[PDB]
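The block underneath contains the structure these notes are about, expressed in structure tokens.
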């Protein structure tokens, strides 16, 4: 559910739902897209700040690192 993408980012990206939605709203429901997408590309999404987008991505990868920990428990 898209609603889960809002809390997920808030759980990993450490952001608020109103902000996460902007990432999932643009088309980023997976931390990989947020972390895989570069700062500029992510900062261009609209009017994000250099640091806010720079720190948001850092969390994406850092969060994905943990997600990979649970991924090992499941085949997917």
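Between the helical axis of 17-26 and the dominant principal axis of the chain, each derived from Cα atoms, what acute angle in degrees is found, rounded to the nearest 10?
Between helix and principal axis, roughly 90 degrees.
Nearest 10 degrees is fine. How inclined is helix 2-12 to the longest principal axis of the chain, computing both from alpha carbons?
90 degrees
Using just the alpha carbons, could you tell me how many Å³ per residue the convex hull of the chain encloses? Kindly include the intermediate steps, with their values, before the conclusion.
Values: hull volume 6.3 nm³, N = 76.
Output value, Cα hull per residue: 83 Å³.
Can you give me the angle between helix 50-71 and the longest principal axis of the chain, using Cα atoms only, in degrees from 0 to 90, rounded to the nearest 10?
Approximately 10 degrees, to the nearest 10.
Would you work out the relative contact order for the chain, in percent, from Cα pairs under 8 angstrom that are 6 or more residues apart? Walk me through the numbers on the way to the answer.
Values: 68 pairs, mean separation 20.9, N = 76.
Dividing the mean separation by the residue count of the chain yields 28 percent.
Read-outs throughout are calculated quantities, based only on the coordinates presented, and are distinct from any laboratory measurement.
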